[PDB]
Structures are given as C-alpha cells and as structure tokens.
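# Overview (structure and organization)
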Amino acid sequence: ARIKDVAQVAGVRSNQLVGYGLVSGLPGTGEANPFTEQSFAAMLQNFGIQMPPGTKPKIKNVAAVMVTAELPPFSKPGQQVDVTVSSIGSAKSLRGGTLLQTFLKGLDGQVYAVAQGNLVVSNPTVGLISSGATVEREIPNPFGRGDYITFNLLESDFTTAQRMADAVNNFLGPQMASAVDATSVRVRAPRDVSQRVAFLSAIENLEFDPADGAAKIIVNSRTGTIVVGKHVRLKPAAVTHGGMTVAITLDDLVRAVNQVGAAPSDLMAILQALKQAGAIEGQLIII
Amino acid sequence: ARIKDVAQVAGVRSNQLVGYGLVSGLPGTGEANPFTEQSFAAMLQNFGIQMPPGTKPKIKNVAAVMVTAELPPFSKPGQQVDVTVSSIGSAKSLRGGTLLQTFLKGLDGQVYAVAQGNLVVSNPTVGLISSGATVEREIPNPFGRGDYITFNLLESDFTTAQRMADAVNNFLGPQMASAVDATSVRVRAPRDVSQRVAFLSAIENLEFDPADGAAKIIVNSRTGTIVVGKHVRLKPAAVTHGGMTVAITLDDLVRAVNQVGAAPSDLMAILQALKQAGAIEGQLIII
Amino acid sequence: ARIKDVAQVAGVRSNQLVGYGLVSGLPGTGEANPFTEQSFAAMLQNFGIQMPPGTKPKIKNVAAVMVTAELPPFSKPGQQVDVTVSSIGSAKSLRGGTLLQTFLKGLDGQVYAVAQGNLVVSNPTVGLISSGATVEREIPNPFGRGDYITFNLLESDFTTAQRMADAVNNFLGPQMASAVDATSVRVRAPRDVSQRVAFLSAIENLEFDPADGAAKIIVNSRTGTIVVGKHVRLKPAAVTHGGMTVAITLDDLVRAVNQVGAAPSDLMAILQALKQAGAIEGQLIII
Amino acid sequence: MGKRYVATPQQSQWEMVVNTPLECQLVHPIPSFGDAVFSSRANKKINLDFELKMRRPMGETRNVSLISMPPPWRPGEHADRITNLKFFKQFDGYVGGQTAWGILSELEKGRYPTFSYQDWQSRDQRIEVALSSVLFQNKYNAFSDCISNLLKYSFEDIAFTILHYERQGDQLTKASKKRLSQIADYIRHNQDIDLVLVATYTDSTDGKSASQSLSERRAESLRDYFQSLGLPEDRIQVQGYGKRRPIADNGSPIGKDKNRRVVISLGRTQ
C-alpha cells in the first residue's frame, strides 16, 4: 500500500462551505413556504422589482435549498468544486432546476465560493452540480512551515505507524522518520516549498504493508450483516438454539441457524451469548 | 495528458452574470404573478403606454424568468455567449418563447452583457439561447503581469504537480518550472504579452502522465452506484449477509449480494461494516 | 492470540461526541415538531432570513436528528470519523437525507468535531455517514508519560494476565512485565515517545494462549439460546419433565425436551432446577 | 547558476553489477553525468576503488574537493569537509584507500558525497557531482555480503604453486590438497585463466623408469582433475620429469620429500 493511499498530510485539510439559495425552473414542483416567498421577494428587490407589502408571489417554479460544498486543500481562486443541493421546504422535486447565485460561507462566517449551475438529480429533492461553486478566496496552510511534515494514518495502529517510519528510513536513510503515536509519523523535509513538494512526491509513493489490526467482529444491527475480521477466534462451546445443539467461524453457527427455522438475524444474538461466556477472542462491535 | 487538459491558468477566470427578464410569445402558457404584471407594466411605460393604476393586464403570453450567463476569460465587447433562461413564476412552459432585452449584472452590480433571442427548450421551464448575451464591457486580467505564469491543477496532487514541473523543465531547460503546492506550478514567462501568448502556446500542449491519486471508494447513496478506484485493497474477512457466508474487489461482494435476494443497494451497507473493521485500504466517500 | 487482539493500552481511549442537527432533502418524509421548526427558524436567521414571529414554516423535507461520533485515540485535526444519525422527532424516514452542519460536543461541553454529509440508511430512521465528522481538536493523552505501559485485558482473568506477563518476559528478558491484577499487566517502556512506539509495536504482536476462564452457562431468556461453555459439568440426576424420565451435556437434556411436546425453551427451566439441586458445576448466567 | 549533477529521489538507483567471489561492483548512475562505481576484488588486503566515470572525459587535471553535504531534507545539519583529490585528464576520477570506505560510510549516514571542481567542458566553471543516498541501504548490505564472500587470495598468490606427495602412495599431502582446492576454487570462479602448466617430478629412491612412470601417472591424474574443473583439453599441459632435475639434496629424508613435488603454474587473459 502506498503511503498516500493510507495516510494524509497534517495541515493539508478540506473545509466545508454552506449557504442558502433558491432553485428555479422547476416544472411546477416548487414551494409556497413563507421563507421561500420572503427570499424570493428580497431577490426581486435586488433587481428593481419591489412588490407592495403583503403580496403573495404565487410562485410554483422556485424552491428554497441548502447548498454545501467541500473546499479541497490548496484551493485557489477561479477553481470549481462540486456542490450538493438539498431542499429544505416542501418542494416535491428538484429535477431540472437551476441553482441561482448563492454565497457559500465558511466556519468563520466569510464567503469563500459562489455557487450556480444546473442540478442533476437521480430521492428527487437532492441534486448535485459538477462545477457549481467557484472558489473566490484562499485559506492559508501550514504545509510549508517547520522542519518536518507529518503523516496521519487513516486507520490508526502502532505497527502501521512504525512500519511506515521504517519504509521512509530504508528509502532515504537513518534517523529520517519517527512514529510519535499510533497515528502520526514525522518526516524531516526541506525548508524550500518547491523542494518540499518534490520531496513529498517521492515519499508519498512508498510501498509498505499495513498491519492487520486488532481482531474485531462488526455487526450491523439494522441490516443484519456480520463481518468477522481476521485473527478472530471463537472458543469451543455447546450452543443450543431453538431445539438443536451444535458444537464449535460463522460457518458452523450459520448452519446451526439454518437447522431451525429462526432467522439469519438470530445469529446476532448467539454472538452476544458467546461474548458473555468469554468464548470470543476479539471485540464485538455493533454499528 | 496535455497540460491544458488537466490544468488552468491562474488569473484567467470566468465570471457569472445574472439578470431578470420577461419571455414573450408563449402559446398561452404565461403567468399572472404580481411581479410579472408589475415588470410588464414598467416595460410598457418604457414604450409610452402607461395603464391607469390598478389595471390588470390579463397577459397570458408573458413569463418572468431569470437569465444567467457565464463570461469566458478574455471576453471582448461584441462577442456572444450562451444564456440559460429559467422560469421563476408559475408558467407551465417556456417553449417557443422570446427573451426580451435583459441586462446581465456582475458580482459588483454593473451591467456587462445584454441578453435577447429565441429559447430552445427540450423540463419545459428551462431554455437555452446559443448567442443570447452580447458582451458590452471588459473585465481586467492579471495574465500579463509579473514574471511568471501559474497552472492550477483540476485534480490536486503532489505527484501530478511535480510531474508537470518536470515536463516543463525537460522541454525548456533547468530551473524553469517549480511546484509550490499540490495544485499550483509556476513557470517563468516573458514580459511581453505577445511573447507570453506564444510561450504559453508551446507549454500548454506538453504531455505528461498525471498521478493515479489516493485510493478511494465513491458511493452514490441515492443512485446506488459504487465506483471503486485503482489501488483500493480490501483485506480478507468473513462476511455473513442474510443467511449465506462469503470470504474475501466488488465481484465477490456482488455475488454475496446475489446469493440472497436482498438488493444491489445492500452492498453500500456491507462496505460500511468493512470500513469499521479496518478491512478497507482506502477512503469510503459517500456522495 | 496476539496481545493486541485480547488487550488494550491504558490511557489510549476513545471519546464520545454528541450533537443536535437537522437532516434536509427528504422526499416529503420530514417533521412538523415544534423543536424542529424552532431550530429551522434559528438556522434561517443565521443566513439572513428571519420570519415574523408565529410563522409556521410548513417544512416537510427537514427532520431533527441526534448525531453521535466516537473519537478514536490519537485523533488529529483534519481526520474524519463515522457518525450515526438517529431521528428524535416523528419523521417517517431519513433515507436520502443530507446532514447539515452540526457541532459535536464532548463530555466537557466543548466542540471537537463538525458533522455533515450524506446519510446511508438500510429501520429507516437511523443512518450512517462514513466520514461525516471532521476532527477539529485534540484530546491529550497519558501514553508517553511514566516509565511503563499497561495492558488491560478485554476478558479479565488471573491466568491470562500472568501468561501475558510471561510472554513479554520470555521475549525481552527477566523482570520486564508484571501482572498487578486480573486485568492489568505493566511493561517497562522507553522514555522517548518514538522509541516507545517502536517498542510497543514489537510487544503488541506477541503470541500467547489466553486461559479458558471460569465455567459458565449463558442463557438468553428472551431468545432461548443456551451457550454451555467449556469445563461445565452436570452431576448425574433423574430429571422427570412432562411424563418421561431421563437420567444424566445439553444433548441428553435436549432429547428429554424432545420426548414430550413441551418447547425448546422449556430447557431453561430444567437448568434452574438442576442449579437448585447442586447438580451444576459452574455458573448459570441469565442475559 | 551552477551545474549540479545528482539523482533526484525518483531517479536514484543502486545496482550490484558484479557479485562473484572474485569481484564486487556497486554502481550508482548519476543522471546526465555518468556512473559512480565501487569495486572490491579478491585479495589478501582490504581494497576498494571508487571510480567517477564520466560520459564526457575529463578535460584537464583539476583539484577536486570532496565534501559530505547534507541532503535538502535535513535542515540544521552542516557540511563536513572530507578531503581534496586530483582528477586527471582523460581519466575517470579515482578515490581509494580509506576515503572510498569513508564515502560509503557518509552514504550510510544518509548524506551526499559531493565532488566540486572546475569543469573544462563547462567554460572552466565550478560544478558539483553528488552521490544520492536514496535506495542505498539494501544495496550496501548486498555489497557488504559480497565483500564478506570474497576469496582471501588473488591471482598473484596462487599463480605459482608447488605441491608435495606422500612417502608411499599416489596421493598428495594434506596441505598440498588444501592448496589444490584453493587453486580449483580460483579457477572455477575465474574464466580468464587460459594456461595450466603441470611439472611432476619425484625422488631418486625408485629406478629411472619407475620414477618416470610415477611422475607421468601423477601428471595424468592432475590433468584429469584440471579437466574436471571445466578447462578444455587444449589448454592443460602436463609433463613428468621423473627423478631428474632435483631441487634439493637427495639422500636426506627431507630432501627426497622436497623433490617429490608437482609445479602448477596458471596463466590468465586479463
């Protein structure tokens, strides 16, 4: 696995932008909500048409939506990012709509992008635009600062952190990378920003073997799927479910489930009994 | 991949223009909204016909619309750009309409284009005009300033940025291009604007191989499609879904889905369990 | 069994983050609860739209939810974690929704993550997001402090604690690890944080045999499954159930159950009689 | 600015070109400049040659400065002046003795050995040539292993050999068999050896005809052995001189044993 596949550079982050806007050009599948009409009236005032107070627009092709964009790291003004458009009123469908000018604000309350474009919906009330938002401002980055760069593991593990440190040391030389915890690995990097990009290009393509990790059993209590990871061991026991008795991975337990009618989701309750009896060498996680 | 295919020049941007207008010549598929009638009355006053106050026009061939145009970089007065016309009232169809004179305003509130023309609609409430807007004003550009030009990658990556820098250096000579982050590459350029255009013409056609990028799994939660990118690796595990057990890309998991009735969209929930168990070497992205 | 499979490092803990948010883009399966409308109005005020007091939004695509995330140990800012989204009002379904910006608070009342994204629901009122929460703050750790590290057994046992101590001593040398109770094992570790990670990497992969543990019988009173562990012995006795008499693991008792009609869950009551007569060498646990 | 020739981390590669018990050759290609070759050869003494081989030959003899420059990705570390060499005209740069081992050591620490000098082909301007340490460790381990598995004798040490026979029998003594095994190893690993000259001759104890017969039988046994090593028959030469041409005083027990001997002389095509 390449380092870039299983890790991210510290300080090189994404940012989330959110804004309110109106979607027009709907085939009569718009809203009549008070906030939609209020926003529509304000927008019309912005163009020189001001209705008398208390006038009902009777609009049916306009829907109020919430626009969200994720700003990739090193985003420069003039670039385009995707936006997700979701209806917040009572519009039946956003299919075929057009997002009007909406300003996307950061967590500090400043506008960083402007979103327009045509919605592509499949849920008819959520659509996407491939280049809806144009980046208008930059977010500063700590990437070029300091005397080292840091890799953050996507899956935290002490062994994976140490193996990535060894991979860099073998490639470059001794005392070059060090694991500071189960997630972060610090690599000494050049001070020049151009040399650091060239340096990081060679390092992020290094190959190493991530560790297997702790043995876990993942149970989706609402879907019924049971994922048993590697290194999970079930201690032998006599399991009596329904009217039949079986002796002890899931293959034997699934057969015991199939013996009686019961249900494939009855296996989720057999594991909990095994966990209480100490017959599982691992972690039973319910998601 | 050519540089012009995978990158954009910094400072060479598009601009978005928006305006309000009326669409006439509709076969009785117009509006009766108060703002449509108000705008119609103001337009008629602009031609010497002023109805007494409180007069209802009873118009049925006029619809109020929002007109949007994108101004390409280096747009000169006299050029024509496309406009998207979307209905904002309650008109049933814009098919066969004619957009009347509408002024398109920039983000600074100034008029940069005037839009007219004939609508071509397929959604019957959104139409397009191939040369609707005529550019009337210029937007200044920083392209000819400075001692360098900058390329912004469409897909940000450290390796792609460095490979594009090497491509320029190999073509021209040493110390010519430098990658300053994962997105931007700076190339030294002539001071003369005519020589810079000739210089950029040779550079933007250079060929190089963009990097593969980080391994990702993209799941469209509303359509059901799952796109597994290159370099994604699934660690072996025992997955029990429904009543059958399978052992471990998607091909094996799709067969496990097809074993039981279930649904092709049940695979989206199997991946989340694998992600929780640490059996995915990559990023699971939900769009 | 590896040490990392059956034990956890003391001081290396997870943290639970909880927050309130709204889910938009629902196909008309939203709420009308007073708190949902109040939160929606406050959110709209945050964007410049303030409805007059007493205005009913009449929203149908918005649902109020509770967002929960678990913060893994050594979580750094910029990382992404899963979030579970559960409806708390009266929404019929959260399928196809979009979680709006919600702040996830710790047990001390401070915000440590921000959650957004697209919900993936199978129960239609609970959904999951694979990278919903972005970590924004760090929680300090006592991992690098002191002159030793401590392993906490997932299944507490004196023999397992001593065997893990012997496994470390055999690998490294005498007087290196010591069991302080049935759960914890203390291993002397380097003072340098980088050396401690390298040290812990070698130690957590050590293999040893966990002890069998106390003999137990686990009975699920609501499912009917009876899990009889190893080392459980039933003393011989004459059991008369229904109209037939049997003499004495579960196999004989299951046959006695099958003799009469009765039910497979009548075995749970036969064990309690055996427990009262002192015919069980073990613990009868009801879960 | 200046011309610096170094392999970037994406370009740096080390290779073990010759890996035999007679020679070791570790090669680092310096892009746009040439090669850097470390060579060790089977010998009784510690030997290493470093050769900076240039595509465009050295224009003039120049004083060269060898420094141990830290790589860019090591801020806060200073450069160590290693030494001053002389690169000669139309010859590859050569560093030998302890300095070549020091270059290998500075590469082991993760540093860049840099040769700086004024290039004649470059309008007499100062240029730098650096050896990259990227991807050096594994090939340095392989190089150390091959150096470990080097013969402890050279062609000069075995080219002339004199072996002795036992008092009774047609077999060589213990030490003579050991030396013959050494010769066989060197021959089997060296393909440049063309000629083998064998001159058996014995003591005066037996009769002249008997002496000649013994000497010829011994010569033929040695010729068959040398054939077994793979040399073609047209290369081996064997002659039995009997009890003639004594090198020691016949009559003394030690003298007769001295004369009971074979001469083996190798000849190579280097």
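So, here is what we can say about the structure in this document. (Residues numbered from 1 in each chain as written, not as in the entry; some residues may be left out. Chains lettered and ligands numbered in written order. Part of a larger assembly, values for the part shown. Heavy atoms only, no water.)

### Here's the deal with the overall build of chain A
A count of helices and strands for chain A gives six helices and 17 strands. The C-alpha atoms of chain A give 28 Å as radius of gyration, which overshoots the globular expectation for 287 residues (19 Å, by more than 25%). Expressed as a percentage of its 287 residues, the buried residues of chain A come to 58%. Accessible surface, chain A as shown: approximately 10300 Å² in total, 48% of it carbon and sulfur. Charge-centre separation for chain A: the mean point of 24 positive side chains lies 6 Å from the mean point of 22 negative side chains. (Helix = DSSP H or I, 4+ residues; strand = E, 2+ residues; numbered from the N terminus. Rg over C-alpha atoms; globule rule 2.2 N^0.38 Å. Buried < 20%, exposed > 50% of the residue type's maximum accessible area, 1.4 Å probe, protein only. Areas by Shrake-Rupley, 256 points an atom, 1.4 Å probe, with all protein chains shown as cover. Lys, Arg positive; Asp, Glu negative; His and termini not counted. Charge placed at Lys NZ, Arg CZ, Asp CG, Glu CD.)

### Remarks on helix 2 (residues 34–45) of chain C
Each α-helix winds once per 3.6 residues, and so residues spaced three or four apart point in a common direction. Residue and element names in this part refer to chain C. Counted at 1.5 Å a residue, the expected span for helix 2 with its 12 residues is 16 Å, and the 17 Å between its end C-alpha atoms agrees. Among the residues of helix 2, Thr36, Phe40, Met43 and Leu44 are the ones counted as buried. Down the axis, helix 2 shows its buried residues gathered within 100 degrees of arc, on one side only. Facing away from the buried side of helix 2, by more than 90 degrees, are the exposed residues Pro34 and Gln38. (Expected span 1.5 Å × (residues − 1). Arc of directions from axis to C-beta.)

### Let's talk about the layout of surface pockets
Quantified by volume, the second largest pocket comes out at close to 1800 Å³. Around the second largest pocket, the lining is made up of 40 residues, and of these B:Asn169, B:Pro174, B:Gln175, D:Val6 and D:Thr8 lie nearest the centre. Among the elements of the structure, helix 4 (193–203) of chain A, helix 3 (158–171), strand 9 (177–179) and strand 10 (184–188) of chain B together with strand 1 (3–5) of chain D are those that each provide at least two residues to the lining of the second largest pocket. At five residues, the largest contribution of residues to the lining of the second largest pocket is made by helix 3 of chain B. Its residues assigned to classes, the lining of the second largest pocket comprises 21 nonpolar, 13 polar and six charged. (1 Å grid on protein atoms, 1.4 Å probe; cavity = no way out; pocket = protein on both sides within 12 Å on 5 of 7 lines; lining within 4 Å. Points joined across faces, edges and corners; volume = space filled by probe spheres on them. Nonpolar A, V, L, I, M, F, W, Y, C, P; charged D, E, K, R; others polar.)

### Notes on the state of the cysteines
Simply put, disulfide is the name for a covalent bond between the sulfur atoms of two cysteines. All names here are of chain D. All chains considered together, the criterion is met by one disulfide over all chains. The disulfide partner of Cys24 is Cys146, and the gap between their sulfur atoms is 2.0 Å. Looking down the S-S bond of the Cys24 and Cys146 bridge, the torsion is 135 degrees, so its handedness is right-handed. With a gap of 122 residues between them, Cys24 in strand 3 (residues 23–30) and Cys146 in helix 2 (residues 137–148) connect regions that are remote in the sequence. We classify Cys24 as buried; its relative accessible area is 0%. (Disulfide = S-S within 2.5 Å.)

### A word on the sheet that holds strand 10 (residues 184–188) of chain A
All names here are of chain A. Pairing is antiparallel across the open sheet formed by four strands, whose spatial order is 1-8-10-9. Two strands bound the open sheet, and with one partner strand each, they are strand 1 (7–9) and strand 9 (177–179). Each neighbouring strand pair of the sheet contributes to a mean axis angle of 25 degrees, computed without reference to strand direction. Across three bridges, the pairing between strand 9 and strand 10 is antiparallel. Of the residues in strand 10, the one forming a bridge with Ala177 is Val187. Running over the sheet, helix 4 touches strand 1, strand 8 (148–153) and strand 10 and is turned about 35 degrees from strand 8. (Pairing = 2+ DSSP bridges. Axes fitted to C-alpha atoms, helices over the stretch in contact; angles between N-to-C directions. Contact = heavy atoms within 4.5 Å.)

### Quick notes on the environment of D:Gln270
When you line up the elements, D:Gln270 lands in the segment after strand 14 (261–268). By relative accessible area, D:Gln270 is classed as exposed at 81%.

### Some details on a positive patch on the surface
Where like charges cluster on the molecular surface, the positive patch consists of A:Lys56, A:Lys58, A:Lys60, A:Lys92, B:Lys56, B:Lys58, B:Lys60, B:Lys92, C:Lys56, C:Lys58 and C:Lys60. Take C:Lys60: it is sitting in the loop between helix 2 and strand 3 (63–71). In this structure C:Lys60 comes out as partly exposed when scored by relative accessible area, which is 46%. (Patch = residues over 30% accessible without salt bridge, like charges linked within 9 Å, V, L, I, M, F, W, Y side chains within 5 Å. Salt bridge = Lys/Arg side-chain N within 4 Å of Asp/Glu carboxyl O.)

### Quick notes on the packing of aromatic side chains
Scanning the model with the defined rule gives 22 aromatic pairs over all chains in all. Aromatic pair A:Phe35 and C:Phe40: ring centres 4.9 Å apart, planes at 65 degrees, arrangement edge-to-face. In this pair, A:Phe35 sits in helix 2 (residues 34–45) while C:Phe40 sits in helix 2, so the two residues belong to two different chains. A relative accessible area of 0% places A:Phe35 in the buried class. On the accessibility criterion, C:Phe40 (0% relative accessible area) is buried. Each member of the aromatic cluster is reached from another via a ring pair, and the members are D:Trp14, D:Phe38, D:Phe50, D:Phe87, D:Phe115, D:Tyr117, D:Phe136 and D:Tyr140. Over the ring of B:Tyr148 we find B:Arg186, and its NZ or CZ is 5.0 Å from the ring centre. (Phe/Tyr/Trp six-rings, centres within 6.5 Å; stacked < 30°, edge-to-face > 60°. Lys NZ or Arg CZ within 6 Å of the ring centre and 35° of its normal.)

### A few points about the nonpolar core
Counting 87 residues, the largest nonpolar core has A:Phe151, B:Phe151 and C:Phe151 as its most contacted members. With seven residues, the single largest contributor to this core is helix 3 (residues 158–171) of chain A. The contacts of C:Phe151, once residues within four sequence positions are left out, are C:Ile3, C:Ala7, C:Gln8, C:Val9, C:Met164, C:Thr183, C:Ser184, C:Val185, C:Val187, C:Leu200 and C:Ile203. Membership of the second largest hydrophobic core comes to 36 residues, among which are A:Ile88, B:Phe35, B:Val62 and C:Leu100. (Core = buried A, V, L, I, M, F, W, Y, C linked by side-chain atoms within 4.5 Å.)

### As for the pattern of salt bridges
Taken as a whole and judged by the stated rule, the model has 47 salt bridges over all chains. Between A:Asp5 and A:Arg2 there is a salt bridge whose closest N-O contact spans 2.5 Å. With a relative accessible area of 6%, A:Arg2 lands in the buried category. In the salt-bridge network here, residues are joined through shared partners; they are A:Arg188, D:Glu77, D:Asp80 and D:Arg111.

### Some details on the interface of chain C and chain A
At the junction of the two partners, chain C supplies 82 residues and chain A supplies 72 residues. In this assembly, chain C packs against chain A so that about 5800 Å² is buried in total across both faces, 56% of it on carbon and sulfur atoms. The largest share of the area that chain C buries against chain A comes from C:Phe47, C:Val197 and C:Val227, three residues that together contribute 9% of it. Across the chain C-chain A interface, the total number found is three salt bridges. For the interface between chain C and chain A, the tally reads 26 residue pairs in polar contact. (Buried area = accessible area lost by both parts, 1.4 Å probe. Polar contact = N/O pair within 3.5 Å; in protein donor to acceptor, adjacent residues only side chain to side chain.)

### Details of the interface of chain A and chain B
Contact residues are listed per partner, giving 82 residues for chain A and 72 residues for chain B. Both faces considered, chain A and chain B share a buried interface measuring about 5800 Å² in area, 57% of it formed by carbon and sulfur atoms. On the chain A side of the interface with chain B, the three residues burying the most area are A:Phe47, A:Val197 and A:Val227, jointly 9% of the side's total. The interface formed by chain A and chain B includes three salt bridges. Here A:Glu136 makes a salt bridge to B:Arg13, at a shortest N to O gap of 2.8 Å. At the junction of chain A and chain B, the tally comes to 26 residue pairs in polar contact. Here the side of chain A that touches chain B gets six residues from one element, more than from any other, and that element is helix 4 of chain A. By residue class, the composition of the side of chain A that touches chain B is 40 nonpolar, 28 polar and 14 charged. Sheet topology places strand 12 (residues 226–228) of chain A next to strand 14 (residues 238–241) of chain B; three bridges connect them, and they run antiparallel. Within strand 14 of chain B, the position partnered with A:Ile226 by the bridge is B:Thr240.

### What about the side chain of D:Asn259?
Residues and elements named next belong to chain D. Along the polypeptide, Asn259 turns up in helix 6 (residues 253–259). Residue class for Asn259 comes out buried when judged on its relative accessible area of 0%. Engagement of the side chain of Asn259 in a polar contact is seen with the side chain of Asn250, the distance being 2.4 Å. Apart from residues lying up to four places away in sequence, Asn259 is in contact with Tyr201, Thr202, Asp203, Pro246, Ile247, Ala248 and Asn250.

### Considering the pairing of strand 6 (residues 111–118) of chain B
Residue and element names in this part refer to chain B. Here strand 5 (residues 98–105) runs beside strand 6; their pairing, made up of six bridges, is antiparallel. In the strand pairing of strand 6, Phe103 is matched with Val114. The hairpin turn running from strand 5 into strand 6, its antiparallel successor, is five residues long, and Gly109 in that turn takes a positive phi close to 90 degrees. Bridge analysis of strand 6 against strand 7 (residues 126–135) gives three bridges, and the strand direction is antiparallel. Paired with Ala115 across the two strands is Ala133, which belongs to strand 7.

### Examining the packing of helix 1 (residues 98–108) of chain D against helix 2 of chain D
Two numbers describe a pair of packed helices, the interaxial angle and the distance between the axes. Residue and element names in this part refer to chain D. In contact at an axis separation of 10 Å, helix 1 and helix 2 are set at 145 degrees when each is read in the N-to-C sense. Viewed along their axes, helix 1 and helix 2 form a crossing whose handedness is left-handed. Note on element contacts: helix 2 touches helix 1 through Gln137, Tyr140, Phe143 and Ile147, opposite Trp101, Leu104 and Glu108. Considered class by class, the residues forming the contact of helix 1 with helix 2 number five nonpolar, one polar and one charged. (Left-handed = near helix turned anticlockwise from the far one by under 90°.)

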